[PDB]
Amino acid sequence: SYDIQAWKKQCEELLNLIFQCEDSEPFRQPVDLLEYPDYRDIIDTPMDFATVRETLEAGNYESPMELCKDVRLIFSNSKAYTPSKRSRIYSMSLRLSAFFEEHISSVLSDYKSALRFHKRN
């Protein structure tokens, strides 16, 4: 497809699949700073899947690359906060990241292809 707008619905669908994954539980909503009092000493930019979905539905992503940068920030924040590479919540993050990367690959390729076709002449 050379549809320049198709990525948006494709990302809505993929966020729906991520919300059905039990591995997304810890990442749907912001970290609570009463249960994790040192979070903002470690993490400069919090991110979660509900913020990603709201930013998409507001029309505040210009490309699936921007959405991808914010989802990758969810996963790098988990890696930066984990006291161990064997922790439950970090382990959930690695499986969810693999799922996300497997599915976003074609969304990015199709978008970049569609832009190149738009500028073909």
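Start at 1 with the first residue shown and count on from there. Heads up, when I say rigid core I mean the largest set of C-alphas that superpose within 1.5 Å between the two forms.
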item	value
Higher-deviation segment by CA RMS in 8 other deposited structures of this protein, core fitted, 36 to 44 or 92 to 100	36 to 44
Between 48 to 56 and 79 to 87, larger RMS Cα displacement in 8 other deposited structures of this protein after core fit	79 to 87
Mean temperature factor over C-alpha atoms, higher-scoring stretch between 92 to 100 and 42 to 50	42 to 50
Higher-scoring stretch by recorded Cα B factor average, 108 to 116 or 14 to 22	14 to 22
Residue of maximum C-alpha B factor among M65, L56, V71, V31, per deposited coordinates	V31
Relative C-alpha B-factor of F75, binned into the chain's lowest, middle or highest third	lowest
CA B-factor ranking of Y61, expressed as a third of its chain	middle
